[PDB]
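For reference, the chain that follows is the form deposited in one PDB entry, supplied as structure tokens.
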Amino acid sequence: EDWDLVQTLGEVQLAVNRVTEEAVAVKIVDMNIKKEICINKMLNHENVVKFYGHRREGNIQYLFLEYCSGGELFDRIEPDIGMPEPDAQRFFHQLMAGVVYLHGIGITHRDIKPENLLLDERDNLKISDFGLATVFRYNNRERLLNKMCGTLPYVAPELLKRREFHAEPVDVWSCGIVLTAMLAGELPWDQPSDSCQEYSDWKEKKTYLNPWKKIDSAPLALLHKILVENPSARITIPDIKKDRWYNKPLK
């Protein structure tokens, strides 16, 4: 109770300790929360929102989390424009670092989007909100996912047409949609279904349409590898790390 809740960040409130003046974010949820807490405890990476502690008072549960003064990545995207390629690439590298770490401890976020990618004072990206995250590897054994989870414009196509599916290619897909957003300042489709004209157009290689026309050939080639319908053919992270644009030096 040494923390004063200065303002509502998003419920999540900015909290400043009276003694140290340290600033953290506090997630206030009145009663899923248990799993989020469990998952958070496992996490320790420079590109994932740090979990400090939790305190439960009565029916109210408090989660203490790293405060990112930068705010969300979503705010760094100019509509219809995106952001400078060098900034996009840097955010993308940090995003891959975060995801590689999560997948490495068998955890999938399941809702990767710019709203859930926060920035600190140095504009370092931090993966945020593990309320929908789940274990997909335990005791070295992979568990396929069955629950439909996410945000439609970012979800992989298999999630909509498959009874069960691999967790990793789904997170790669959403990262691809985030990259598109950063480079084009717009989302390619409402959802990845054939009833969706925009998705159908992409599967037909109509890259003279937006948002594809706005994207340079190098990053677009990477997007051609990520936004692949067949999750088995989809490029994996180790291979993304070998992509030409990924490795291209930028201003």
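Residue positions are given as counts along the sequence shown, with the first one as 1.
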query	finding
Deposited-sequence gap flanked by residue 10 and residue 11	4 to 9
Residue 32 preceded by how many uncoordinated deposited residues after residue 31	4 to 9
117-125 versus 101-109 - which carries the larger mean C-alpha B factor in the record	117-125
Greater mean Cα temperature factor according to the PDB record, 16-24 or 232-240	16-24
Of the residues 216, 204, 186, 190, the one carrying the largest Cα B-factor as recorded	204
Residue with maximal Cα B-factor (values as given in the PDB entry) among 137, 76, 166, 163	163
Assigned third (lowest, middle, highest) for the C-alpha B factor of residue 141	middle
Residue 68 CA temperature factor, ranked by third within the chain	middle
Residue 159, C-alpha B-factor rank within chain (lowest, middle or highest third)	middle
Record-listed C-alpha B factor of residue 132: chain third	middle
Position of residue 222 among the chain's modelled residues by C-alpha B-factor, lowest, middle or highest third	lowest
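Although not depicted, the form deposited with a partner chain bound is the subject of the following passage.
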item: Position in contact with the partner chain when the complex is considered in the deposited bound form, options 62, 51, 202, 189, heavy atoms within 4.5 Å; value: 62
item: Proximity to the partner chain in the deposited bound form, single hit among 55, 224, 45, 213 (heavy atom within 4.5 Å); value: 55
item: Residue 250: touches the partner chain in the deposited bound form, heavy atom cutoff 4.5 angstroms; value: no
item: Any non-hydrogen atom of residue 246 within 4.5 angstroms of the partner chain in the deposited bound form; value: no
